[PDB]
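Novice: before I ask anything, here's the sequence and the deposited coordinates:
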Amino acid sequence: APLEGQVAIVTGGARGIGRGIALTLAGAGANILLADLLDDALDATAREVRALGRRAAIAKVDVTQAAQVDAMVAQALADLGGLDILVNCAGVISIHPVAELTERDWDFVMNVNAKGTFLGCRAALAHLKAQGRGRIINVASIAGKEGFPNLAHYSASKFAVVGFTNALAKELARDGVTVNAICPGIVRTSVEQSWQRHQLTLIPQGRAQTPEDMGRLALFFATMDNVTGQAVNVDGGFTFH
Amino acid sequence: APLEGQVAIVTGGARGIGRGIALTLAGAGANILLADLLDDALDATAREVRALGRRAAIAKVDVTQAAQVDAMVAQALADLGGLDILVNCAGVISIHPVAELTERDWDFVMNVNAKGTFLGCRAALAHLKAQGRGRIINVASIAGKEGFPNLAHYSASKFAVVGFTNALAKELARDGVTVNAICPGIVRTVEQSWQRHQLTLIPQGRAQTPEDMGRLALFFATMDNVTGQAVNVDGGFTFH
Amino acid sequence: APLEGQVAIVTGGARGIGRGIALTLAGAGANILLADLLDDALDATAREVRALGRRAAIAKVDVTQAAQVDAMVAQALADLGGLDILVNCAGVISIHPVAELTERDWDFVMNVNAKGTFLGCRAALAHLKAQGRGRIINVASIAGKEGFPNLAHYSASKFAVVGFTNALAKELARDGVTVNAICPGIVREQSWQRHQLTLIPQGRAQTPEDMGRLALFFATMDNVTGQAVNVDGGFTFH
Amino acid sequence: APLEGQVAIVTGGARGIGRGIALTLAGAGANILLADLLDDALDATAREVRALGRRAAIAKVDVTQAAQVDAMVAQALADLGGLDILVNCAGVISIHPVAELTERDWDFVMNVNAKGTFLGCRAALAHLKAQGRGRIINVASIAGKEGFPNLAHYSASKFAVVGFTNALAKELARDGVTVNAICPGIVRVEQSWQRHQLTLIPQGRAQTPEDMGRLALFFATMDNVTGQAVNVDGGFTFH
Ligand SMILES: [Cl-]
Ligand SMILES: [Mg+2]
Ligand SMILES: [Mg+2]
């Protein structure tokens, strides 16, 4: 249990990739604050964390709202007695050519994916810096490494996360806090399904990656003092940049 | 005059890098619509375009406002009779550690730098696609290739522009429209001290100029088979 | 013991980064074939692998020589009963401006760092592909991501490893074999290293154990391939 | 004529991409030393340079041989009276999976593409440095940005050129010499491969020697661009 005695916050932690990361960190010894917008899913995943022998707390958090993000950090400290790892895994996606993108489409993806990550990171800094050790783990995407047609807004938001991660890493490099990004390739969940199915043919391994894969990378960052500023692809070979 | 008969819109075109790009493209034969928020500067740069023998139009445009950006495209078509090149060169910057960044700081830089570029590109698509040829040129930054401490928000916005550029390039690759980014290194104007220190980090040890950026803009505007690229003009600071 | 029952070859495994990787993989359950040119160091590191409760084999290998590299793979199959992981960690460096580089300087670094990695990978390929499972792990450098002045030949060789890695990963992507690179930053010529630490945001060197941790990650990640991951305190992220 | 009075060496300059670059630089005012192994092609291309009103010199050069590369640089100084631009555009390719690659395959591609570029650059340094101005332009490939399956050796060699370019740019950054790379996409067994690679080009068409010459002219006239490796590839990669 490398993470015994530690506390992790996972935004978007109730399902999909966030759940995978939470359950992996919990398996490795961390108590978890799950932050999401899905009430039943939060409860279910909390039960799974507890089934691993860990403590779990839940927060209803819209990551675009600074007050909710601050309260989330305050709750980890109050309910679980600390904070060591912040995983920003809240994310939204839609598929439209730029010609068909509305301002709402643009703002939604940029605000949740990029601004939400900024707000989460900012909220955790004072505590992590004061304790002289911490792990910030942002979940971007391979769409943060390559521009995807009909996902230009989503790519912009994920590129933003990659760049934000690297810059913040450099700010905190002498503070004992590492900052890294996980870049998932295709993690399964119709236009979206048809798109997903086609993208798999472009993956050299020809198969999707899993939430558990992402959790393994999160656990690696969480236990590597000398890795910071990186954006690592878990994508079956699609890109290596 | 490689761009003879063509029309370019340059947002942020009244001063700095935008002006440099505008005057380079005008020197190369293009008539220019200058879009910015500075009235006297717009007038002055318009006079410089006309002094080169070109026609110039001016628009007062807040690139965060879609209606103004649409009107801008409409004005190039109405006043100058067409549109061939769109240069998105509106940009803002501030220096703060993330711990000191406000939401206003984040939103200002992201909305001007990234959303403004999205809105500009979107407004020009219908026309450029219809005529089967076009050049979209986004001005990012080397901060779109490397995260800069105390500029994390600025880096996010410029990374966004690089990614957006590449994605849009792929959407338009069979439409005859190329989409590329210019990534300036250090182009002069806390800010001064920061600028001065960054120069020591440039292998050539000197700043780059608006004219350098204009030369890259002219290259993109005259290269059919280059698209999706983000080329650094930065004295060797980064090559990614 | 995630690597229980598996066999790893580690070239350059007698000392430094190679040794760190060998000991991490051995700690995680792998039996190790150590390949190097240092006899006493080979014996000492073999004893350390055995002290971890693992079996160890030793091969005297010049990685620029295909016959030796091929025999190394054959020895793993014969002495340890199989092969699951190949770590190419033989590497050499010298510091000269291009103006002062000799052909010998160029060929030495390119043959050891790049051609040696090609030969190792090629030698292990048939077996890993036939069994439908395998891990190939190349040790490049951050100098494979950024050109270093007075190290242009060294950068050329490590860029070559990064590109070779990605290409081979794509060839084997449907064969159950992953191919990845470890890119160490500065692992404690001495004056140069001290000067390079100014370029590391964390302001400290990385360790052979750090690299061993990344090797263990690659060795246990089915769905990561073609990657070149930097362990470098923030120096580069490309 | 932005390059009026200047002298350029173009290795591999007798045909293909090298020829395109030579003619663009000559068109822009430079006198040219063409270095290659093709006798008839060298003569033909030299006549084309002279038809542009420029002077042309010819050298029979194997870029893997240091003495020949040194003689090439000396010939530019002696025959054309100077040297301002070096274009390293000698290049070879073959297609084999790693499982089928021979040492001969590996060495051929690495020695010509990478070592030949090292040798070309090294031979020109003393002169370019002494005059405080110069342009070194290496021709890599998009295979120097992405690993290509069945071209692992070729990718290795072109990745090497990209890294070498960036490193050398940093050595010379205060010497008035810029060092950059041109990365061509697909420029028209090899033919079948090319046809398949076009599926990977967003624009769906190949690029031309003239495209590469245009980028060469750009580098040759941009003081403040150095260390870069710019892709001319219809959108295949932007890294
Ligand atoms: Cl699948
Ligand atoms: Mg501290
Ligand atoms: Mg059309």
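Specialist: Cool, the structure landed. Numbers count the residues shown, from 1 in each chain, chains lettered A, B, ... in the order given. Ligands and ions are numbered 1, 2, ... in the order given.
Novice: hang on, residue A:104 is in a helix, isn't it?
Specialist: Yes. Counting by DSSP: H, G, I helix; E, B strand; the rest coil, residue A:104 falls inside a helix.
Novice: in chain A, which residue is most central in space?
Specialist: Note on chain A: the residue nearest the mean C-alpha position is residue A:89, at 2.4 Å, using C-alpha atoms, centre = their mean.
Novice: kindly export the helix ranked longest in chain A (C-alpha atoms) in PDB.
Specialist: Longest helix in chain A by number of residues (criterion: DSSP state H): helix A:152-171. Taking C-alpha atoms only, helix A:152-171 is exported to PDB below (Å, rounded to 0.1, in the frame of the first residue of the first chain):
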ATOM      1  CA  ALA A 152     -11.500  21.300 -32.600                       C
ATOM      2  CA  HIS A 153     -13.000  22.800 -29.500                       C
ATOM      3  CA  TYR A 154     -12.400  19.700 -27.500                       C
ATOM      4  CA  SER A 155      -8.800  19.600 -28.800                       C
ATOM      5  CA  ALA A 156      -8.400  23.300 -27.800                       C
ATOM      6  CA  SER A 157      -9.500  22.500 -24.300                       C
ATOM      7  CA  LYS A 158      -7.300  19.500 -23.900                       C
ATOM      8  CA  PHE A 159      -4.300  21.200 -25.400                       C
ATOM      9  CA  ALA A 160      -5.000  23.900 -22.800                       C
ATOM     10  CA  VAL A 161      -4.800  21.300 -20.100                       C
ATOM     11  CA  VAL A 162      -1.500  19.900 -21.400                       C
ATOM     12  CA  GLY A 163       0.000  23.400 -21.500                       C
ATOM     13  CA  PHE A 164      -1.500  24.400 -18.100                       C
ATOM     14  CA  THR A 165       0.000  21.200 -16.500                       C
ATOM     15  CA  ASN A 166       3.500  21.900 -17.800                       C
ATOM     16  CA  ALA A 167       3.500  25.500 -16.700                       C
ATOM     17  CA  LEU A 168       2.100  24.800 -13.200                       C
ATOM     18  CA  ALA A 169       4.600  22.000 -12.800                       C
ATOM     19  CA  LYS A 170       7.400  24.600 -13.300                       C
ATOM     20  CA  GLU A 171       5.800  26.900 -10.800                       C
END
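Novice: quick check: angle from it to helix B:103-110?
Specialist: Put simply, helix A:152-171 runs at 120 degrees to helix B:103-110, going by axes from the mean of the first three to the mean of the last three C-alpha atoms, to 10 degrees.
Novice: what about the helix or strand following helix A:152-171, near chain D?
Specialist: Once helix A:152-171 ends, the next helix or strand along the chain (criterion: DSSP states H and E) is strand A:177-184. No. On the criterion C-beta under 8 Å from any C-beta of the partner chain, strand A:177-184 is out of touch with chain D, staying 14.2 Å away. No exception for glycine: its C-beta is placed from N, CA and C like everyone else's.
Novice: the residue in chain A sticking out farthest from the centre: what's it in contact with?
Specialist: No residue in chain A sits farther from the centre than residue A:99, which is 29.2 Å out by C-alpha atoms, centre = their mean. Residue A:99 makes contact with B:122, B:125-126, B:129, according to C-beta atoms under 8 Å, 6 or more residues apart in numbering or on different chains.
Novice: rerun at 6 Å
Specialist: residue B:125 (C-beta atoms under 6 Å, 6 or more residues apart in numbering or on different chains).
Novice: would you say it is within a strand?
Specialist: No. With three-state DSSP as the criterion, residue A:99 is located in helix rather than a strand.
Novice: the residue nearest to the centre of chain A reaches residue A:14, doesn't it?
Specialist: No. Assessed by C-beta atoms under 6 Å, residue A:89 is found out of contact with residue A:14, at 10.0 Å.
Novice: returning to that earlier point: which strands and helices lie in contact with the longest helix of chain A?
Specialist: Under the contact criterion of 3 or more C-beta pairs under 6 Å, 6 or more residues apart in numbering or on different chains; DSSP states H and E, helix A:152-171 touches helix A:103-109, strand A:177-184, helix B:152-171.
Novice: count of neighbours near residue A:202?
Specialist: Residue A:202 has 12 neighbouring residues, counting by other C-beta atoms under 10 Å in any protein chain shown.
Novice: so residue A:45 sits against residue A:12, correct?
Specialist: No. With contacts defined as C-beta under 6 Å, residue A:45 does not count as touching residue A:12, sitting 10.7 Å away.
Novice: now residue A:173, nearest residue through space, not along the chain?
Specialist: Using C-beta to C-beta, 6 or more residues apart in numbering or on different chains and skipping residues adjacent in sequence, the residue nearest residue A:173 is residue C:201, 3.4 Å away.
Novice: neighbours around residue A:1, how many?
Specialist: Counted with other C-beta under 10 Å, residues neighbouring residue A:1 total 11.
Novice: correct me, but it touches residue A:29?
Specialist: Yes. Contact criterion C-beta under 6 Å: residue A:1 and residue A:29 qualify, at 3.2 Å.
Novice: ok and the residue in chain A nearest ligand 3?
Specialist: Nearest to ligand 3, among the residues of chain A, is residue A:99, at 12.9 Å (C-beta to the ion).
Novice: tell me which residues are up against stretch A:120-136.
Specialist: Stretch A:120-136 is contacted by residues A:11, A:69-70, A:73, A:83, A:85-86, A:88, A:175-179, A:222, B:98-99 when judged by C-beta under 6 Å, 6+ apart.
Novice: could you flag which of those residues are buried?
Specialist: A:11, A:69, A:73, A:83, A:85-86, A:88, A:175, A:177-179, A:222, B:98 (16 or more other C-beta atoms under 10 Å in any protein chain shown).
Novice: and the furthest pair within these?
Specialist: The span of the buried ones among the contacts of stretch A:120-136, defined through C-beta to C-beta, is set by A:11 and A:175 at 21.5 Å.
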